[PDB]
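Dropping protein.json in here (JSON, C-alpha atoms and all ligand atoms):
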```json
[["chain", "number", "residue", "atom", "x", "y", "z"],
["F", 26, "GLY", "CA", 0.00, 0.00, 0.00],
["F", 27, "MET", "CA", 2.93, 2.23, -0.91],
["F", 28, "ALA", "CA", 2.22, 5.39, -2.87],
["F", 29, "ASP", "CA", 3.56, 4.03, -6.24],
["F", 30, "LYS", "CA", 0.18, 2.64, -7.27],
["F", 31, "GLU", "CA", 1.29, 1.84, -10.84],
["F", 32, "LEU", "CA", 3.99, -0.62, -9.73],
["F", 33, "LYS", "CA", 3.64, -3.55, -12.12],
["F", 34, "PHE", "CA", 2.85, -6.83, -10.36],
["F", 35, "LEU", "CA", 3.27, -10.36, -11.69],
["F", 36, "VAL", "CA", 0.85, -12.80, -10.03],
["F", 37, "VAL", "CA", 2.03, -16.39, -10.45],
["F", 38, "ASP", "CA", -0.22, -19.35, -9.60],
["F", 39, "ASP", "CA", -1.31, -22.45, -11.48],
["F", 40, "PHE", "CA", -4.90, -21.90, -10.26],
["F", 41, "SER", "CA", -6.75, -19.32, -12.34],
["F", 42, "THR", "CA", -9.07, -18.64, -9.42],
["F", 43, "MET", "CA", -6.16, -17.88, -7.09],
["F", 44, "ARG", "CA", -4.67, -15.47, -9.66],
["F", 45, "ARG", "CA", -8.04, -13.73, -9.89],
["F", 46, "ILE", "CA", -8.25, -13.52, -6.09],
["F", 47, "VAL", "CA", -4.84, -11.87, -5.78],
["F", 48, "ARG", "CA", -5.60, -9.62, -8.80],
["F", 49, "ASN", "CA", -8.83, -8.45, -7.09],
["F", 50, "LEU", "CA", -7.19, -7.83, -3.70],
["F", 51, "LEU", "CA", -4.44, -5.80, -5.37],
["F", 52, "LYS", "CA", -7.12, -3.79, -7.19],
["F", 53, "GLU", "CA", -8.87, -3.14, -3.87],
["F", 54, "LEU", "CA", -5.63, -1.68, -2.52],
["F", 55, "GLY", "CA", -5.20, 0.47, -5.63],
["F", 56, "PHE", "CA", -2.78, -1.63, -7.71],
["F", 57, "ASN", "CA", -4.24, -2.19, -11.18],
["F", 58, "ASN", "CA", -1.05, -2.75, -13.24],
["F", 59, "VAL", "CA", -1.09, -6.53, -12.89],
["F", 60, "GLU", "CA", -0.17, -9.47, -15.13],
["F", 61, "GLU", "CA", -0.57, -13.19, -14.50],
["F", 62, "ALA", "CA", 1.52, -16.33, -15.03],
["F", 63, "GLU", "CA", 0.65, -19.99, -14.54],
["F", 64, "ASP", "CA", 4.04, -21.45, -13.60],
["F", 65, "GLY", "CA", 7.70, -20.52, -13.20],
["F", 66, "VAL", "CA", 8.62, -20.65, -16.88],
["F", 67, "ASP", "CA", 5.57, -18.62, -17.87],
["F", 68, "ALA", "CA", 6.58, -16.07, -15.24],
["F", 69, "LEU", "CA", 10.19, -15.75, -16.37],
["F", 70, "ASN", "CA", 9.06, -15.37, -19.99],
["F", 71, "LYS", "CA", 6.87, -12.42, -19.00],
["F", 72, "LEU", "CA", 9.49, -11.03, -16.61],
["F", 73, "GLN", "CA", 12.00, -10.92, -19.48],
["F", 74, "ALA", "CA", 9.86, -8.23, -21.12],
["F", 75, "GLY", "CA", 10.96, -5.92, -18.30],
["F", 76, "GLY", "CA", 9.17, -3.26, -16.30],
["F", 77, "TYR", "CA", 7.99, -5.43, -13.40],
["F", 78, "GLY", "CA", 8.25, -4.19, -9.84],
["F", 79, "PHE", "CA", 6.83, -6.93, -7.63],
["F", 80, "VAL", "CA", 6.24, -10.69, -7.89],
["F", 81, "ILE", "CA", 3.65, -12.65, -5.89],
["F", 82, "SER", "CA", 4.28, -16.35, -6.44],
["F", 83, "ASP", "CA", 2.62, -19.61, -5.47],
["F", 84, "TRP", "CA", 5.06, -22.02, -3.85],
["F", 85, "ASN", "CA", 3.58, -25.19, -5.39],
["F", 86, "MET", "CA", 3.36, -25.08, -9.20],
["F", 87, "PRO", "CA", 4.18, -27.68, -11.85],
["F", 88, "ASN", "CA", 7.16, -27.57, -14.23],
["F", 89, "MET", "CA", 8.90, -24.80, -12.28],
["F", 90, "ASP", "CA", 7.84, -24.21, -8.69],
["F", 91, "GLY", "CA", 7.99, -21.01, -6.67],
["F", 92, "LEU", "CA", 11.33, -21.74, -5.07],
["F", 93, "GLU", "CA", 13.04, -22.36, -8.43],
["F", 94, "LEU", "CA", 11.36, -19.26, -9.88],
["F", 95, "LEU", "CA", 12.68, -17.21, -6.94],
["F", 96, "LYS", "CA", 16.18, -18.67, -7.32],
["F", 97, "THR", "CA", 16.17, -17.81, -11.03],
["F", 98, "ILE", "CA", 15.00, -14.24, -10.35],
["F", 99, "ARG", "CA", 17.68, -13.70, -7.72],
["F", 100, "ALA", "CA", 20.37, -15.08, -10.06],
["F", 101, "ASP", "CA", 19.33, -12.70, -12.87],
["F", 102, "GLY", "CA", 21.27, -9.46, -13.10],
["F", 103, "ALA", "CA", 18.42, -7.18, -14.13],
["F", 104, "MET", "CA", 15.80, -8.73, -11.80],
["F", 105, "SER", "CA", 18.07, -9.64, -8.83],
["F", 106, "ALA", "CA", 16.32, -7.20, -6.48],
["F", 107, "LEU", "CA", 12.68, -7.75, -7.47],
["F", 108, "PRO", "CA", 10.46, -8.21, -4.39],
["F", 109, "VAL", "CA", 9.11, -11.77, -4.24],
["F", 110, "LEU", "CA", 6.22, -12.64, -1.91],
["F", 111, "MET", "CA", 5.69, -16.39, -1.62],
["F", 112, "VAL", "CA", 2.18, -17.81, -1.18],
["F", 113, "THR", "CA", 1.45, -21.20, 0.40],
["F", 114, "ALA", "CA", -1.51, -23.12, 1.75],
["F", 115, "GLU", "CA", 0.37, -24.18, 4.89],
["F", 116, "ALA", "CA", 3.26, -22.63, 6.80],
["F", 117, "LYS", "CA", 6.16, -25.04, 7.34],
["F", 118, "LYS", "CA", 9.35, -24.00, 9.15],
["F", 119, "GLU", "CA", 11.49, -25.73, 6.53],
["F", 120, "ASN", "CA", 9.76, -24.11, 3.50],
["F", 121, "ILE", "CA", 10.04, -20.66, 5.10],
["F", 122, "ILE", "CA", 13.73, -21.09, 5.87],
["F", 123, "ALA", "CA", 14.50, -22.40, 2.37],
["F", 124, "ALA", "CA", 12.61, -19.48, 0.83],
["F", 125, "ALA", "CA", 14.45, -17.00, 3.04],
["F", 126, "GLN", "CA", 17.83, -18.49, 2.08],
["F", 127, "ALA", "CA", 16.87, -18.24, -1.61],
["F", 128, "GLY", "CA", 16.07, -14.55, -1.15],
["F", 129, "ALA", "CA", 12.31, -14.45, -0.59],
["F", 130, "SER", "CA", 11.07, -11.01, 0.43],
["F", 131, "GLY", "CA", 8.14, -12.44, 2.38],
["F", 132, "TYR", "CA", 5.82, -15.36, 2.94],
["F", 133, "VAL", "CA", 2.03, -15.44, 3.35],
["F", 134, "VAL", "CA", -0.49, -18.22, 4.00],
["F", 135, "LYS", "CA", -3.67, -18.43, 1.91],
["F", 136, "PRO", "CA", -6.53, -17.69, 2.07],
["F", 137, "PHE", "CA", -5.73, -14.11, 3.02],
["F", 138, "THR", "CA", -7.63, -10.83, 3.07],
["F", 139, "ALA", "CA", -6.87, -7.40, 1.60],
["F", 140, "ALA", "CA", -5.71, -6.16, 5.00],
["F", 141, "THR", "CA", -3.31, -9.09, 5.29],
["F", 142, "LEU", "CA", -1.94, -8.60, 1.78],
["F", 143, "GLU", "CA", -1.61, -4.84, 2.54],
["F", 144, "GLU", "CA", 0.38, -5.80, 5.71],
["F", 145, "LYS", "CA", 2.72, -8.10, 3.73],
["F", 146, "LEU", "CA", 3.37, -5.50, 1.02],
["F", 147, "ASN", "CA", 4.06, -2.72, 3.51],
["F", 148, "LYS", "CA", 6.38, -4.88, 5.61],
["F", 149, "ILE", "CA", 8.32, -5.81, 2.47],
["F", 150, "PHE", "CA", 8.43, -2.17, 1.34],
["F", 151, "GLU", "CA", 9.68, -1.07, 4.76],
["F", 152, "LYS", "CA", 12.25, -3.87, 5.00],
["F", 153, "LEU", "CA", 13.71, -3.03, 1.58],
["F", 154, "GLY", "CA", 13.51, 0.72, 2.19],
["F", 155, "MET", "CA", 10.79, 1.42, -0.38],
["R", 201, "MG", "MG", -0.24, -24.18, -6.90]]
```
Would you mind writing the file's structure down as C-alpha cells?
Amino acid sequence: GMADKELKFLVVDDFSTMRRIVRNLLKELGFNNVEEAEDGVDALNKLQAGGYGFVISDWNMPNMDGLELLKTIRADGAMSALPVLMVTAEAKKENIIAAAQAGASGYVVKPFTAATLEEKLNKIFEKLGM
C-alpha cells in the first residue's frame, strides 16, 4: 500500500481462481497494473519483457515451482532485487527457511484478506527501504 500505485505486479499461480483472487485484492488496494503467469517458466518469460516491480508467487506449481522461480529471479542481473512474496496453503518451518535463504522477500499463508496482503506488502516495502 505504498504510494507508487502503478507498480507492475506479476501474479504467479497455477490456479486461475487464485490469480483472480490476488488480482482483485491488489485492485482493492489500488494496484491495477497486474499481469498473471501460470508457472515458473511462464513467469520468467513475461518477466523478461521488463518493467515489473513486484512478484507474488505460489510455492507449489508444476514444471517450475515457486522456489526455483525465486532462485532464477535472484540469479538474474536485471531482476536480482525484485520483491518476491511467496504464497502457500500451509506454513512449514522448513519451507520458510528455504525461501528466506533463496532470497524471498516475504511469505504469506492463503486464504488471506486485503488487510493481510496490505500488511505483507508494507512490511516488504519497509524492510527493503521502499
Ligand atoms: Mg499451486
Near residue 120 in chain F, within 10 Å and counting all atoms listed in the file, which residues show up once chain neighbours fewer than 5 positions away are dropped, as an mmCIF file with C-alpha atoms, in the coordinates of the input?
```cif
data_model
loop_
_atom_site.group_PDB
_atom_site.id
_atom_site.type_symbol
_atom_site.label_atom_id
_atom_site.label_comp_id
_atom_site.auth_asym_id
_atom_site.auth_seq_id
_atom_site.Cartn_x
_atom_site.Cartn_y
_atom_site.Cartn_z
ATOM 1 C CA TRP F 84 5.060 -22.020 -3.850
ATOM 2 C CA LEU F 92 11.330 -21.740 -5.070
ATOM 3 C CA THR F 113 1.450 -21.200 0.400
ATOM 4 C CA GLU F 115 0.370 -24.180 4.890
ATOM 5 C CA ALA F 125 14.450 -17.000 3.040
ATOM 6 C CA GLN F 126 17.830 -18.490 2.080
ATOM 7 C CA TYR F 132 5.820 -15.360 2.940
#
```
Using only C-alpha atoms and all ligand atoms, which residues have at least one atom no more than 8 Å from ligand MG 201 (chain R)? Output them as an NGL selection string. :F and (38-40 or 83-87)
Work out how far CA of residue 63 in chain F is from CA of residue 155 in chain F, in Å to one decimal. 27.6 Å
Using all atoms listed in the file, which of F:116, F:153, F:50, F:124 sits nearest residue 99 in chain F?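 Ranked by minimum distance to residue 99 in chain F, first place goes to F:124.
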If we count only C-alpha atoms and set the cut-off at 10 Å, which residues sit around residue 76 in chain F, ignoring sequence neighbours fewer than 6 positions away in its own chain? Please answer as a ChimeraX atom specification. /F:32-34,104
I need the residues from that last selection saved to file as a compact mmCIF listing (two decimals), in the coordinates of the input (with C-alpha atoms), if you can.
```txt
# COMPACT_ATOMS: atom_id res chain seq x y z
CA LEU F 32 3.99 -0.62 -9.73
CA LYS F 33 3.64 -3.55 -12.12
CA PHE F 34 2.85 -6.83 -10.36
CA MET F 104 15.80 -8.73 -11.80
```
Quick one: residues within 10 Å of residue 27 in chain F, all atoms listed in the file, excluding same-chain residues fewer than 6 positions away - as a PyMOL selection string? chain F and resi 54-56+143+146-147+150-151+155
So how far away is CA of residue 68 in chain F from CA of residue 114 in chain F, in Å?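 Between these atoms lies a distance of 20.1 Å.
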Go through F:41, F:117, F:66, F:78 one by one, measure the shortest atom-to-atom distance of each to residue 93 in chain F using only C-alpha atoms, and give the residue with the smallest value.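 Nearest candidate to residue 93 in chain F out of F:41, F:117, F:66, F:78: F:66.
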Which residue out of F:58, F:45, F:35, F:90 has the minimum interatomic distance to residue 73 in chain F when only C-alpha atoms are used?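 Of F:58, F:45, F:35, F:90, the one nearest residue 73 in chain F, counting only C-alpha atoms, is F:35.
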Measuring atom to atom with only C-alpha atoms, identify which of F:30, F:82, F:154, F:77 is nearest to residue 65 in chain F.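 So, comparing all the options, the nearest one is F:82.
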